[PDB]
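Quick notes on the structure that follows.
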Amino acid sequence: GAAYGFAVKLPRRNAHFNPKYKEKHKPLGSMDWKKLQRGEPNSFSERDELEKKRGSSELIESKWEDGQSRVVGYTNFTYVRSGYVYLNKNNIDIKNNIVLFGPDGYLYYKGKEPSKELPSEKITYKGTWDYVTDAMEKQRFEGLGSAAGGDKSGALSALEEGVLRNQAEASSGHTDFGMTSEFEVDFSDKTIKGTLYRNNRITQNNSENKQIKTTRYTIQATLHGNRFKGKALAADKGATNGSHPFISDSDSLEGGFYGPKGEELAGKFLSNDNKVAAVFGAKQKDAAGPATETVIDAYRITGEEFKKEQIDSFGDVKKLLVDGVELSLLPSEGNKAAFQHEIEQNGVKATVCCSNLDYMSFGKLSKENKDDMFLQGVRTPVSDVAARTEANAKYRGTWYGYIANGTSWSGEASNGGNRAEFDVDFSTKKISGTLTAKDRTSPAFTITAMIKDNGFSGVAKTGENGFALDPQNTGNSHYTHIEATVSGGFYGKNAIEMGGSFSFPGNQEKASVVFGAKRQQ
Ligand SMILES: [Cs+]
Ligand SMILES: [Cs+]
Ligand SMILES: [Cs+]
Ligand SMILES: [Cs+]
């Protein structure tokens, strides 16, 4: 349920003189978060609206920076942008009826190329985080500063007074700046620990308070896909001084990894008391060698061309992306579930299988009237597959296929129809299998493969005599025989399912096949 990125509009209560036009409180909520679609991290709908609204000059965007809020060494982010984007344009409607003071903008986080590949060991990510509060009348946090508002405005992190930003302080390699974030991730444990800090500018003679770093939060999360869900723990849960709105925790912490190898990550959370909404983004340090592995497979087989086109995935099998917009693969008002179930949702139309599979979905899709064949699924990584030492698995499932020369023929998944048996022998890693067509005696495709990592690779060939496109009508039965390279992966919790595909172009006969099966014996 977690998407590309999110943005919450920076709260500005209607601080008007009061013929009942004055807004008492401009609170925050989960419904005040708005979702961001595909594109570049440093640009989206509302931000473009800001750019249009901009005009003469002056756009404030939290990049880095290099003036406030950065960690040196964990410098440039290519896949992720998280922070604040606002404008100093106040809203005035003496033409009735509006009065808005403070930053007109959004607190967002956005990433591109969701990770289908993650490290297999402990990796630390450093970065930054930013917050914003609601707009309550006569609400001020002395610890944050009056310049931060919180009356009329909503206490923006970019305006927190007693923080270090300018880098002139300690001209050496002083690393952390402003509100920094630190994370340690154990991918083998599927666990994420974190801490949201606050770098203090130790006053010239250190006047009234305060030491180097104020621990604002900690973070506890777990993985399931390429995203992470969990809780944010406020360090000052015992607070009543009213010095800062970091009193309550947050059971609404969501996030995700970005980059092909998962070299970046970003997320958000909203405090339980609906007082503080916060975002964060972190990457690794500056011929790198982090041991990695694939966790998510998600591709379309173009129709026809040749190869496969990789498509974005969040680990949610129940829906897919077409590079543009979301496509739900669940039956609604049509009644679940049978085996296969096709759906159309405005932009395109598709058919998805099946019911016996929970960790993977595969089928066909259409828009250009040249159908492609998608396959997606969350793999079963990785030491679980490696440690497995059985003797014979015997997977069983089915497949979507298309063979043409011409003449052209296609086959769909069945519940005597299209079937697919697979024999997996661990310890030796050797796997064999066959997939058969509709009402036909002999196997259509024989697949021989072997297991590496959390996947399997091999070859699929037709019968010795070939595969007749027209078994009946003997003259030009079109015995098209095809030998191609088939690649697949193990999807599930205990590798209870498997999937894969193979395609083939030529300088005259073409083909494309996707398949999925379930472990039983
Ligand atoms: Cs404080
Ligand atoms: Cs204010
Ligand atoms: Cs200051
Ligand atoms: Cs709480």
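Residues in the structure tokens are named by chain (A, B, ... in the order shown) and by number from 1 within that chain; ligands are numbered from 1 in the order shown.
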Name each residue within 10 Å of ligand 1, counting only C-alpha atoms and all ligand atoms, as a PDB file with N, CA, C and O atoms, in the first residue's frame.
ATOM      1  N   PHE A 141       6.692  26.907  20.539  1.00  0.00           N
ATOM      2  CA  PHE A 141       7.671  26.033  21.169  1.00  0.00           C
ATOM      3  C   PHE A 141       8.965  26.803  21.396  1.00  0.00           C
ATOM      4  O   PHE A 141       9.715  27.064  20.454  1.00  0.00           O
ATOM      5  N   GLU A 142       9.216  27.171  22.649  1.00  0.00           N
ATOM      6  CA  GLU A 142      10.379  27.977  23.006  1.00  0.00           C
ATOM      7  C   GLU A 142      11.688  27.285  22.638  1.00  0.00           C
ATOM      8  O   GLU A 142      12.665  27.940  22.276  1.00  0.00           O
ATOM      9  N   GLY A 143      11.698  25.959  22.728  1.00  0.00           N
ATOM     10  CA  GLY A 143      12.881  25.182  22.410  1.00  0.00           C
ATOM     11  C   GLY A 143      13.219  25.211  20.933  1.00  0.00           C
ATOM     12  O   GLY A 143      14.380  25.060  20.550  1.00  0.00           O
ATOM     13  N   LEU A 144      12.201  25.409  20.102  1.00  0.00           N
ATOM     14  CA  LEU A 144      12.386  25.445  18.656  1.00  0.00           C
ATOM     15  C   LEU A 144      12.658  26.861  18.159  1.00  0.00           C
ATOM     16  O   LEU A 144      13.417  27.061  17.210  1.00  0.00           O
ATOM     17  N   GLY A 145      12.034  27.840  18.804  1.00  0.00           N
ATOM     18  CA  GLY A 145      12.188  29.230  18.415  1.00  0.00           C
ATOM     19  C   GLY A 145      10.890  29.832  17.909  1.00  0.00           C
ATOM     20  O   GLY A 145      10.063  29.138  17.318  1.00  0.00           O
ATOM     21  N   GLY A 162      17.891  27.088  16.954  1.00  0.00           N
ATOM     22  CA  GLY A 162      19.160  26.726  17.563  1.00  0.00           C
ATOM     23  C   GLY A 162      19.874  25.528  16.967  1.00  0.00           C
ATOM     24  O   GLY A 162      20.459  24.723  17.697  1.00  0.00           O
ATOM     25  N   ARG A 198      19.345  15.948  16.120  1.00  0.00           N
ATOM     26  CA  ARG A 198      19.219  17.391  15.964  1.00  0.00           C
ATOM     27  C   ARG A 198      20.562  18.035  16.304  1.00  0.00           C
ATOM     28  O   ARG A 198      20.911  18.171  17.476  1.00  0.00           O
ATOM     29  N   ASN A 200      23.029  20.667  17.253  1.00  0.00           N
ATOM     30  CA  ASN A 200      22.949  21.958  17.927  1.00  0.00           C
ATOM     31  C   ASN A 200      24.131  22.869  17.613  1.00  0.00           C
ATOM     32  O   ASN A 200      25.273  22.412  17.520  1.00  0.00           O
ATOM     33  N   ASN A 209      21.818  26.142  27.924  1.00  0.00           N
ATOM     34  CA  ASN A 209      21.223  24.825  27.801  1.00  0.00           C
ATOM     35  C   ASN A 209      22.214  23.664  27.739  1.00  0.00           C
ATOM     36  O   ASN A 209      22.564  23.090  28.742  1.00  0.00           O
ATOM     37  N   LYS A 210      22.813  23.462  26.583  1.00  0.00           N
ATOM     38  CA  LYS A 210      22.579  22.438  25.580  1.00  0.00           C
ATOM     39  C   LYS A 210      23.845  21.930  24.988  1.00  0.00           C
ATOM     40  O   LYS A 210      24.738  22.750  24.785  1.00  0.00           O
ATOM     41  N   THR A 214      20.774  16.581  19.926  1.00  0.00           N
ATOM     42  CA  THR A 214      19.532  16.241  20.609  1.00  0.00           C
ATOM     43  C   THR A 214      18.816  15.103  19.890  1.00  0.00           C
ATOM     44  O   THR A 214      18.321  15.277  18.777  1.00  0.00           O
ATOM     45  N   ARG A 216      16.071  13.394  18.723  1.00  0.00           N
ATOM     46  CA  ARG A 216      14.664  13.726  18.542  1.00  0.00           C
ATOM     47  C   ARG A 216      13.796  12.476  18.460  1.00  0.00           C
ATOM     48  O   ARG A 216      12.694  12.440  19.007  1.00  0.00           O
ATOM     49  N   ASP A 236      11.444  11.986  24.051  1.00  0.00           N
ATOM     50  CA  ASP A 236      10.779  12.653  25.165  1.00  0.00           C
ATOM     51  C   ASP A 236       9.296  12.316  25.222  1.00  0.00           C
ATOM     52  O   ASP A 236       8.447  13.163  24.947  1.00  0.00           O
ATOM     53  N   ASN A 241       6.389  20.200  29.365  1.00  0.00           N
ATOM     54  CA  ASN A 241       6.959  21.539  29.414  1.00  0.00           C
ATOM     55  C   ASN A 241       6.459  22.396  28.258  1.00  0.00           C
ATOM     56  O   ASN A 241       6.383  23.620  28.364  1.00  0.00           O
ATOM     57  N   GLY A 242       6.120  21.740  27.152  1.00  0.00           N
ATOM     58  CA  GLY A 242       5.632  22.425  25.970  1.00  0.00           C
ATOM     59  C   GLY A 242       6.750  23.061  25.168  1.00  0.00           C
ATOM     60  O   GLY A 242       6.512  23.953  24.353  1.00  0.00           O
ATOM     61  N   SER A 243       7.975  22.599  25.398  1.00  0.00           N
ATOM     62  CA  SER A 243       9.144  23.151  24.725  1.00  0.00           C
ATOM     63  C   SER A 243       9.279  22.634  23.294  1.00  0.00           C
ATOM     64  O   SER A 243       9.860  23.301  22.438  1.00  0.00           O
ATOM     65  N   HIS A 244       8.740  21.445  23.041  1.00  0.00           N
ATOM     66  CA  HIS A 244       8.788  20.847  21.710  1.00  0.00           C
ATOM     67  C   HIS A 244       7.663  19.830  21.514  1.00  0.00           C
ATOM     68  O   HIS A 244       7.270  19.148  22.459  1.00  0.00           O
ATOM     69  N   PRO A 245       7.138  19.729  20.281  1.00  0.00           N
ATOM     70  CA  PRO A 245       6.001  18.855  19.973  1.00  0.00           C
ATOM     71  C   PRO A 245       6.407  17.405  19.719  1.00  0.00           C
ATOM     72  O   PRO A 245       5.669  16.671  19.062  1.00  0.00           O
ATOM     73  N   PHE A 246       7.562  17.000  20.234  1.00  0.00           N
ATOM     74  CA  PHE A 246       8.043  15.639  20.043  1.00  0.00           C
ATOM     75  C   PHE A 246       7.726  14.782  21.263  1.00  0.00           C
ATOM     76  O   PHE A 246       8.593  14.091  21.798  1.00  0.00           O
TER      77      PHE A 246
END
Fill in: Contacts with ligand 2 at most 6 Å, only C-alpha atoms and all ligand atoms counted, listed as a PyMOL selection string
chain A and resi 149-153
Only C-alpha atoms, please: the residues just picked out, written as a short mmCIF file (atom, residue, chain, number, x, y, z; two decimals), in the first residue's frame.
data_model
loop_
_atom_site.label_atom_id
_atom_site.label_comp_id
_atom_site.auth_asym_id
_atom_site.auth_seq_id
_atom_site.Cartn_x
_atom_site.Cartn_y
_atom_site.Cartn_z
CA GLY A 149 5.80 30.01 14.09
CA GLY A 150 3.39 27.24 14.98
CA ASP A 151 0.80 29.91 15.33
CA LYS A 152 -0.37 30.85 11.82
CA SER A 153 2.36 28.58 10.44
#
Apply DSSP to the backbone of this structure and, from segment 290-383 of chain A, keep only the residues in strand (DSSP E); write these as a VMD selection string.
chain A and resid 292 to 294 296 to 301 308 to 310 319 to 321 326 to 328 340 to 344 349 to 353 360 to 366 372 to 378
Report, in Å to a single decimal, how far apart atom CA of residue 49 of chain A and atom CA of residue 33 of chain A are.
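Interatomic distance here is 16.7 Å.
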Query - Residue neighbourhood residue 390 of chain A, 12 Å, only C-alpha atoms, exclusion window fewer than 5 positions, as an NGL selection string - result: :A and (385 or 423-430 or 521)
For the selection you just gave me, I'd like the residues written to a file as a short mmCIF file (atom, residue, chain, number, x, y, z; two decimals), in the first residue's frame, keeping N, CA, C and O atoms.
data_model
loop_
_atom_site.label_atom_id
_atom_site.label_comp_id
_atom_site.auth_asym_id
_atom_site.auth_seq_id
_atom_site.Cartn_x
_atom_site.Cartn_y
_atom_site.Cartn_z
N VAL A 385 16.62 -20.91 0.69
CA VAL A 385 16.67 -21.78 -0.48
C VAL A 385 17.97 -22.58 -0.50
O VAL A 385 17.98 -23.78 -0.80
N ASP A 423 10.19 -30.68 -11.40
CA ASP A 423 10.90 -31.49 -10.41
C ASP A 423 12.17 -30.79 -9.95
O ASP A 423 13.09 -30.56 -10.74
N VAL A 424 12.22 -30.45 -8.66
CA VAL A 424 13.37 -29.75 -8.10
C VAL A 424 14.14 -30.62 -7.12
O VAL A 424 13.61 -31.04 -6.09
N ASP A 425 15.40 -30.90 -7.45
CA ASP A 425 16.27 -31.67 -6.57
C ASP A 425 17.33 -30.77 -5.97
O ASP A 425 18.30 -30.40 -6.64
N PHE A 426 17.16 -30.40 -4.70
CA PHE A 426 18.12 -29.55 -4.01
C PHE A 426 19.42 -30.31 -3.73
O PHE A 426 19.55 -31.47 -4.12
N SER A 427 20.36 -29.64 -3.08
CA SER A 427 21.71 -30.18 -2.81
C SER A 427 22.54 -30.37 -4.09
O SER A 427 23.74 -30.11 -4.10
N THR A 428 21.90 -30.84 -5.15
CA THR A 428 22.54 -30.95 -6.45
C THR A 428 22.13 -29.79 -7.34
O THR A 428 22.70 -29.57 -8.41
N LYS A 429 21.11 -29.05 -6.88
CA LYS A 429 20.59 -27.87 -7.57
C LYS A 429 19.94 -28.16 -8.93
O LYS A 429 19.36 -27.26 -9.54
N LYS A 430 20.02 -29.41 -9.38
CA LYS A 430 19.44 -29.80 -10.66
C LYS A 430 17.92 -29.77 -10.63
O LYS A 430 17.29 -30.36 -9.74
N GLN A 521 4.63 -31.44 -3.08
CA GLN A 521 5.17 -32.70 -2.57
C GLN A 521 6.60 -32.53 -2.08
O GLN A 521 7.52 -33.19 -2.58
#
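In terms of minimum interatomic distance to residue 17 of chain A, A:100 ranks closest within A:107, A:420, A:100, A:460, counting only C-alpha atoms.
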Produce a table with one row for each residue of chain A that has an atom at most 9 Å from any atom of ligand 3, each row naming the nearest atom pair and its distance in Å at one decimal; use only C-alpha atoms and all ligand atoms; arrange rows by chain and rising residue number; format as CSV.
residue,atom,partner,partner_atom_place_in_ligand_line,distance
A:145,CA,ligand 3,1 (Cs),9.0
A:159,CA,ligand 3,1 (Cs),8.8
A:160,CA,ligand 3,1 (Cs),8.0
A:161,CA,ligand 3,1 (Cs),4.7
A:162,CA,ligand 3,1 (Cs),5.7
A:163,CA,ligand 3,1 (Cs),7.1
A:164,CA,ligand 3,1 (Cs),8.3
A:201,CA,ligand 3,1 (Cs),8.5
(request) Name the residues in contact with residue 309 of chain A at a cut-off of 12 Å, using only C-alpha atoms, excluding same-chain residues fewer than 5 positions from it; report them as a PyMOL selection string. (result) chain A and resi 297-304+322-323+372-376+503
Once you count only C-alpha atoms, what closest atom pair and distance in Å to one decimal does each residue of segment 226-274 of chain A within 10 Å of segment 125-129 of chain A have, with rows by chain and rising residue number, as JSON lines?
{"residue": "A:263", "atom": "CA", "partner": "A:125", "partner_atom": "CA", "distance": 8.6}
{"residue": "A:264", "atom": "CA", "partner": "A:125", "partner_atom": "CA", "distance": 7.6}
{"residue": "A:265", "atom": "CA", "partner": "A:125", "partner_atom": "CA", "distance": 7.9}
{"residue": "A:266", "atom": "CA", "partner": "A:127", "partner_atom": "CA", "distance": 9.2}
{"residue": "A:267", "atom": "CA", "partner": "A:129", "partner_atom": "CA", "distance": 9.2}
{"residue": "A:268", "atom": "CA", "partner": "A:129", "partner_atom": "CA", "distance": 9.1}
Take the residues that were just selected and, keeping N, CA, C and O atoms, output them as an mmCIF file, in the first residue's frame.
data_model
loop_
_atom_site.group_PDB
_atom_site.id
_atom_site.type_symbol
_atom_site.label_atom_id
_atom_site.label_comp_id
_atom_site.auth_asym_id
_atom_site.auth_seq_id
_atom_site.Cartn_x
_atom_site.Cartn_y
_atom_site.Cartn_z
ATOM 1 N N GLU A 263 20.697 1.488 -3.094
ATOM 2 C CA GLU A 263 21.712 2.344 -2.491
ATOM 3 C C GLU A 263 21.128 3.530 -1.729
ATOM 4 O O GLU A 263 21.863 4.271 -1.077
ATOM 5 N N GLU A 264 19.814 3.716 -1.813
ATOM 6 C CA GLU A 264 19.169 4.805 -1.081
ATOM 7 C C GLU A 264 17.884 4.346 -0.395
ATOM 8 O O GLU A 264 17.384 3.257 -0.667
ATOM 9 N N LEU A 265 17.369 5.172 0.512
ATOM 10 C CA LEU A 265 16.088 4.894 1.159
ATOM 11 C C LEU A 265 15.421 6.172 1.654
ATOM 12 O O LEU A 265 16.095 7.163 1.938
ATOM 13 N N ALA A 266 14.096 6.142 1.767
ATOM 14 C CA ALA A 266 13.354 7.303 2.249
ATOM 15 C C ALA A 266 11.987 6.916 2.801
ATOM 16 O O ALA A 266 11.421 5.894 2.414
ATOM 17 N N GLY A 267 11.456 7.739 3.700
ATOM 18 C CA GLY A 267 10.172 7.451 4.309
ATOM 19 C C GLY A 267 9.511 8.612 5.026
ATOM 20 O O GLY A 267 9.970 9.754 4.960
ATOM 21 N N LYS A 268 8.421 8.302 5.722
ATOM 22 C CA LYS A 268 7.633 9.289 6.441
ATOM 23 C C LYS A 268 6.980 8.666 7.670
ATOM 24 O O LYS A 268 6.866 7.438 7.780
#
